[PDB]
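To keep things clear, I will list the structure first and then write my remarks on it.
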Amino acid sequence: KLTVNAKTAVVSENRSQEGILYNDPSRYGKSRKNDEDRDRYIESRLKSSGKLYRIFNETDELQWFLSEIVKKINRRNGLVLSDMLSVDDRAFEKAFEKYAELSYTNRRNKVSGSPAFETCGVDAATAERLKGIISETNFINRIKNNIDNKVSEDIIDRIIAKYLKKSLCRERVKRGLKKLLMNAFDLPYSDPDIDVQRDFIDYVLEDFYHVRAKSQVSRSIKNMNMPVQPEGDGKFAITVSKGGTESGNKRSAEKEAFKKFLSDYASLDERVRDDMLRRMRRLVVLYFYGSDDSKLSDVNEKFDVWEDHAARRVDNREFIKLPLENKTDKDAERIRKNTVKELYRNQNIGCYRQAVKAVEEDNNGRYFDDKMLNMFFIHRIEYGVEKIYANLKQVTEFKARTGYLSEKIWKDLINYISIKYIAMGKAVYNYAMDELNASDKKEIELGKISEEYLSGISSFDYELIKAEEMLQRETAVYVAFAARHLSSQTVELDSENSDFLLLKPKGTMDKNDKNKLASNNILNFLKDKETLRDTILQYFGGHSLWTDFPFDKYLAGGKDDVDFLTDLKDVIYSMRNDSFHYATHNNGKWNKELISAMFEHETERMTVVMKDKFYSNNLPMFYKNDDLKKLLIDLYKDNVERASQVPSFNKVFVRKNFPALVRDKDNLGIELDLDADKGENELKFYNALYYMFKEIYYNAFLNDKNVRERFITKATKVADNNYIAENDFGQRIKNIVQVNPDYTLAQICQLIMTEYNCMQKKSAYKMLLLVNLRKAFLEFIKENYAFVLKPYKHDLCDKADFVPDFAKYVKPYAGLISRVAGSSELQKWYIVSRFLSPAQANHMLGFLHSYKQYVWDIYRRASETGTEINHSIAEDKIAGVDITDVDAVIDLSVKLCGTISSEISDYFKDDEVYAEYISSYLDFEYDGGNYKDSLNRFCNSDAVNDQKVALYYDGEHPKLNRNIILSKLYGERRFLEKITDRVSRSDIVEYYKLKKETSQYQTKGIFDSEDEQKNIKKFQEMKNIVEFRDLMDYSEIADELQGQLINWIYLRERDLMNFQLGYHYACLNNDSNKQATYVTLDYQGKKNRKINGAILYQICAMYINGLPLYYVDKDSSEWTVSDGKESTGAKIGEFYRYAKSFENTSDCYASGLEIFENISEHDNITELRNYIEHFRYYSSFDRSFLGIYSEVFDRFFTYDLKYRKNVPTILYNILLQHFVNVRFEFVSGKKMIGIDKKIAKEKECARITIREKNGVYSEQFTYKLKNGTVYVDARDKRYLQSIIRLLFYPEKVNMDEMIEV
RNA sequence: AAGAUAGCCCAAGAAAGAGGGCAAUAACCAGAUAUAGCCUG
């Protein structure tokens, strides 16, 4: 990358913008580059490549022969341009550079022929010498100097396709080089249209001296800008470049014409938009089908553009003729693909020149009146064709069809209109809707640009927006999951009442018969009202922990546990569509005293929980309680707010290598001296030490002052004295600490990891961070916790005897308790996070960390560049609440969500119900009597030899399995049954046999032989099965697949609002006919208010929880205002009743949405959105995850190609994160158009599936041994089978054929 | 309907041009919640 030293940004001063280069990290006054320094920086980066410049870049006999030819050409005395042009003590370097500039200038000024050196400051005699140096004869001699071999035309072809430098990979340059090489090797060859001197040699000189980048790159950076900027009259519009050159001025004029198109197209009169789309459609038909196409003959024919679109798509006409296939020879296929790309380019050039001519000659009403608008679209069309072939992955016949290309370009032009209206709405929503903020103003004005942004938008401004929108979208996913988990055990929904958050309180009656309950009254759906409180308290750790809590104090009067459930439902709902940007918000409808009291009650157990984890992790088995007490107070006296982008403990201390690293004398030298319980006690110790070090790592190590100082000195050792990398890594650390000496260790890690950072996850600075953190932690242990070096096995004390005086030394939650009591917003974060799975709560916490670090980094870079920035996005607060408080709240949920009660009665009604529930995942040979006795006999039966089954029983009762209860609270039972097989006796037999085989080398960590490593992996796989750990893995994968779908839902909903905002903002600001209430609402009710820019206010009100909407009520037929808390679906209906008077349209809500989507599928989009967010998949299983992702790819992101075309890759990445590699196959399925209430028709749909044979394979783990290295499948066939079932259910496939081994 | 594995902005450009930028835009990278599960780099 050219600008690898620096970063770019866009700054705006007084409605004028400038792209800048700046060094990072740096200080104000030393970061932003001035004009001259920007110019010399680019120039310096270009000249730093001249001496390594080579025409060619960089096992089989032929492939290895081609590499030897390239190397010999690139060697000394070969084609080394720096040696050739610096001859005679560099006396001719300036003349050669001047020649290269004149050669380029002659091209863009259309002067034929190579420049004469006499015009490069050189006499006629020297000119003859220089011309000879860069002649074909001399190039041939340099090429031949190190080669004494025979080649062919095909060999030269393969060398050019595989090794020619990218900057030289243009058709005429490649043909010039081929002609040169054939002449060099005395092979007969003819290419009469090509001149070796002008087409290859002269161009190589232009490329060697970088004459294009030298004269253009710096100016192109300075003229960069944002998508939207204010105009003179304080209106947002798409940004138009300033131009400055002949081609730049024409380009800006075309862009101004399209800006007028966006203004004129925003018309409620659909006939106006219909006519404009028809003219754009005729440009597409002209481009691909010529001026004599039948749809261009009659200028006044109002043909259906969409029916023409469908007709062309199935046309068999060929855009180019593809060459025949090759006799796979991958070198031959690359040559063929390059030939195919040139065929596309030549035909695309022909189509362009023909369309430009026909637009100028035979318009007369066919196209747009503005010629610059026709040219803008023709340039878009040519660019769209190039987008298709420039990154062609494989030559296919369908992609060579004219109808495929014309219709891809048609949707491409509509895409461009869609993203520009969305871009306009983005600027309007964030910067021109200030008076949405709750106020006492009786008259407000929407759509006026806030004062801080009238001078324009900077790139830092949009980085802040991204940070906020990312966290908002991530939080919307967990709101949905919290609602799902709360509903899963309390209510049973139906298809008509499938959104738990929209159920109504127990007193809600039917509107048309007040004698009956409302259909959505929560009473109609309760699974068991008499156990409702205990069912809810399962998610608060079990009701046994609440026997002292005065529920009746808060549920007094006629309130009961149904109001308890309703209050929790109301908390979660108040966070849905709760905008971080506009406060409507801090006074919840629910019982704030009850929720606050439950929070305080939960903080009171936190010290007990954290010290219990020391006990449960067997730390008091190897260390003195007094030494552990000291550590507990150190770690948990204060709530620790973790920073993002710090390497995780598990990456610094890999668990596999942990026993060996602990015993190493150079690290810690810990040896535990220990009968039958020997190997089991060593395993307990290393597991205990691993948990203790992890807690130390996060709660004491990372923030220690002495640790940071010694980290810096050690990391910069090699710098002040792999060896290549540690020197550069050390110098980077030195630069960081010089810029700011107060940077924390986390901030140094963040800055390093920044420059360390392709859309696809890759299958098979960071290490030096890991190594230096590892070394610093070991010394921190030796300096501050020396007692850990001397473990001693002794009997475990009683759980209640382990540091019972812990609470009296620490009070970490003292201040937070009162702040939650007075903050409805804090209570929202509490309840939403509290109802997540432990893994989800952890992810939510990580997203908060990434948000805080992002905002801090934006303001850091804005400050060093001297860029004034509005602080609407705070570094320390979110939605008016301290991020530190939100962090502590989510962290409490993370810990308590994973703390399962020890009482079976907290989750089940007796041991028999629990045993039967276990039978859904374990086949303990149920005879038919009672499940409890069947399980007890199973565990008491012989497994292998002298070993009983055991595992699942704890004395007189079945053993409480942590993974079983977590799947009950947070997982989906029917889903897990349908994708997995129950644990069997043979599983347990194989478990115990592998436990015995590995019992002698289990804690060796890193192993000697290949058979030892494979048997260890096999035992770990069997342990995961018998402990139901694979069950949790599948549940998390499903949660990640479902979470991404919900993420996409709120991505689309944001952009639908932005499209509507930008479109109606453009309509408000054009001269088209607009009715009174579209512009101004004058509401005269008791809550009177005058709304200027009413359409914009009402659009945003549809999407913001708490923003009231003005409408004419159904039953009263009079104007009213809502409280703003009604559902999105209710607000859409209300918006229709606000616009129902509109006389220039039948549907204001849908105006312009033909650009955003296919209107005929609008209700199908709503159905898919509801299907996902209401978790209908887990109740019906009518579609597969692959089928849901397929429909999203097919029609959920019609509004923006960059989201649609990444949908399959995102799915591929999620699976690869769990070490599953899948190979996609894109085929056909079915989808409905419309919803029956009875006009729905069926149509073809995109179907993403997996290749039938060898479509799924596991990633390989690289397992280092003592001497060698072995590769083992990360996931066995049984794991891959459940992944396939997860993706395909209810569809069944041949998994023996699909899985590759 | 689709056959994905980007998209946009600046520059260049008709004997085409094809040089730069993007935490701005999604993805990517990173994140450890619980007891042998995310190795390697």
Side-chain angles (χ1 to χ4, degrees), chain A residues 2-3 8-10 19 108 110 170 212-213 216-217 219-221 223-227 239 241 247-248 349 352-353 356 391 393 396 398 419 459-463 465-467 613 616-618 642 644-650 654-656 683-684 686-688 690-691 694 753 756-761 764 767 837-839 841-843 845-846 849-850 854 857-858 894-895 897-898 962 1002-1003 1016 1019-1020 1023-1024 1029-1030 1033 1051 1193-1195 1200-1210 1212-1213 1217-1219 1224-1228 1231 1243-1248 1261-1264 1272 1274:
Chain A
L2 188 58
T3 66
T8 71
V10 176
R108 44 194 283 120
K110 326 312 295 192
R170 295 135 84 111
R212 283 167 181 80
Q216 288 175 221
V217 156
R219 178 180 169 269
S220 74
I221 292 178
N223 274 249
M224 288 187 311
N225 213 330
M226 306 298 298
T239 313
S241 173
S247 72
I349 289 167
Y352 168 89
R353 311 221 167 122
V356 167
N391 306 332
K393 303 310 176 53
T396 59
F398 83 85
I419 64 174
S459 55
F460 306 102
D461 290 334
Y462 268 28
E463 294 191 272
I465 292 178
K466 189 196 183 183
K613 299 182 76 176
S616 292
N617 280 280
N618 298 306
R642 293 187 202 174
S644 69
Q645 284 290 337
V646 172
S648 72
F649 170 80
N650 308 67
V654 183
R655 178 52 183 87
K656 165 181 172 52
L683 174 60
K684 274 199 243 270
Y686 292 128
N687 287 341
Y690 198 71
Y691 176 77
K694 189 215 74 178
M753 283 294 303
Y756 169 82
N757 303 329
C758 188
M759 282 154 54
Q760 306 212 136
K761 190 178 197 79
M767 321 292 164
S837 80
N842 180 74
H843 287 317
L845 192 48
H849 298 161
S850 298
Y854 194 4
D857 189 69
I858 296 158
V894 175
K895 288 159 177 171
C897 291
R962 203 167 156 277
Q1002 46 175 87
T1003 63
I1016 287 290
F1019 170 79
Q1020 295 179 313
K1023 186 170 182 55
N1024 285 344
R1029 279 168 191 183
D1030 65 332
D1033 204 357
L1051 196 70
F1193 177 67
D1194 183 87
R1195 58 179 176 185
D1200 190 336
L1201 286 159
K1202 79 167 169 293
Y1203 302 136
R1204 171 176 80 80
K1205 301 210 287 175
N1206 203 21
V1207 166
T1209 288
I1210 289 170
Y1212 168 89
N1213 293 342
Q1217 276 165 29
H1218 302 266
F1219 306 109
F1224 285 140
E1225 195 166 277
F1226 287 77
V1227 288
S1228 295
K1231 63 176 180 173
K1243 196 202 183 160
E1244 301 89 340
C1245 183
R1247 179 157 101 83
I1248 306 173
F1261 278 163
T1262 303
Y1263 277 147
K1264 296 165 55 268
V1272 182

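Lettering of chains follows the sequences in order, A, B, ..., and the numbering in each one begins at 1.
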Determine the contact category for [X]: base if any of its heavy atoms lies under 4.0 Å from a base atom, sugar-phosphate if only primed atoms, P, OP1 or OP2 are that close, otherwise nothing.
X      : value
A:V646 : sugar-phosphate
A:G248 : sugar-phosphate
A:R212 : sugar-phosphate
A:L2   : sugar-phosphate
A:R962 : base
A:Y691 : sugar-phosphate
A:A213 : sugar-phosphate
A:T8   : base
A:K110 : base
A:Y854 : base
A:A764 : nothing

In whole angstroms, how far is the [atom2] atom of [N] from the [atom1] atom of [X]?
X       : N      : atom1 : atom2 : result
A:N225  : B:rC22 : CG    : P     : 15 Å
A:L1051 : B:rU25 : CG    : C1'   : 9 Å
A:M226  : B:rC22 : CE    : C1'   : 9 Å
A:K466  : B:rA26 : NZ    : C1'   : 7 Å
A:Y690  : B:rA34 : OH    : P     : 11 Å

Can you tell me, in whole Å, how much space there is between the [atom1] of [N] and that of [M]?
N      : M      : atom1 : value
B:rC38 : B:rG31 : P     : 15 Å
B:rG41 : B:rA30 : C1'   : 16 Å
B:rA23 : B:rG19 : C1'   : 24 Å
B:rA26 : B:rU5  : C1'   : 13 Å
B:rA14 : B:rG21 : P     : 24 Å
B:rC28 : B:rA12 : P     : 35 Å
B:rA2  : B:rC22 : P     : 33 Å
B:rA32 : B:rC39 : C1'   : 16 Å

Do [N] and [M] pass the stacking test of six-membered ring centres within less than 5.5 angstrom and planes tilted under 30 degrees?
N      : M      : value
B:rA15 : B:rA16 : no
B:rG13 : B:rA14 : no
B:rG37 : B:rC38 : no
B:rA6  : B:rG7  : yes
B:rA26 : B:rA27 : yes

Sign of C1'-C2'-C3'-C4' at [N]: does that make it north or south?
N      : result
B:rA11 : north
B:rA36 : south
B:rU33 : north
B:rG7  : north

Upstream residue (5' side of RNA chain B) when A:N1213 and A:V894 are each assigned their closest nucleotide: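 Nearer the 5' end of the strand: A:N1213.
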I want to check one thing: is the phosphate of [N], taken as OP1 and OP2, less than 4.0 Å away from some side-chain N or O of [X]?
X      : N      : result
A:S247 : B:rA12 : yes
A:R170 : B:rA18 : yes
A:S241 : B:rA11 : yes
A:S648 : B:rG31 : yes
A:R219 : B:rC10 : no
A:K761 : B:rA27 : no

Ignoring hydrogens and angles, tell me if any N or O in the side chain of A:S459 forms a donor-acceptor pair with the backbone of A:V10 under 3.5 Å.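 Checking the backbone N and O of A:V10 against the side chain of A:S459, a donor-acceptor pair under 3.5 Å is found.
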Measure from the side-chain N and O atoms of A:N1206 to the backbone N and O of A:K1202, and report whether any donor-acceptor pair falls under 3.5 Å.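 It does not hold such a pair.
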The side chain of [X] is closest to which nucleotide in this list: [options]?
X       : options                : result
A:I349  : B:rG20, B:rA16, B:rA34 : B:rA16
A:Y462  : B:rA16, B:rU33, B:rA24 : B:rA24
A:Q216  : B:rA32, B:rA11, B:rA24 : B:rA11
A:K1243 : B:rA32, B:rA1, B:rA11  : B:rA1

From [atom1] ([X]) to [atom2] ([Y]), nearest 0.5 Å:
X       : Y       : atom1 : atom2 : value
A:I221  : A:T8    : CD1   : OG1   : 7.0 Å
A:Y1203 : A:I419  : OH    : CD1   : 9.5 Å
A:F1224 : A:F1193 : CZ    : CZ    : 10.0 Å
A:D1200 : A:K1205 : CG    : NZ    : 10.5 Å
A:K684  : A:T1003 : NZ    : OG1   : 13.5 Å

Full working for side chain to side chain contact (heavy atoms under 4.5 Å, CB included) between A:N225 and A:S241: CA-CA 8 Å; A:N225 213 330; A:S241 173; over 6 Å; no
Base, backbone or nothing for each nucleotide of nucleotides 35-41 of chain B, written B, S, -, heavy atoms under 4.0 angstrom, 5' to 3'? BBBSBSB
Taking protein heavy atoms under 4.0 Å as touching, what does nucleotides 2-7 of chain B look like 5' to 3' if B marks base contact, S marks sugar-phosphate-only contact and - marks none? BBBBBS
If pairs are Watson-Crick or G-U with both distances under 3.5 Å, what is the dot-bracket string of RNA chain B, marking crossing pairs with [ ] and pairs to another strand with |? .....(((((........))))..)................
base_contact_polar (B:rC29 base, A:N757 side chain, donor-acceptor, <3.5 Å):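 Yes, the side chain and the base share a sub-3.5 Å donor-acceptor pair.
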Under the side chain to side chain contact (heavy atoms under 4.5 Å, CB included) criterion, do A:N757 and A:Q645 qualify, and how do the steps go? CA-CA 11 Å; A:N757 303 329; A:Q645 284 290 337; 4.3 Å; yes
Under 3.5 Å, is there a donor on one side chain and an acceptor on the other for A:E1244 and A:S1228?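 Checked: A:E1244/A:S1228 side chains show no N/O donor-acceptor pair below 3.5 Å.
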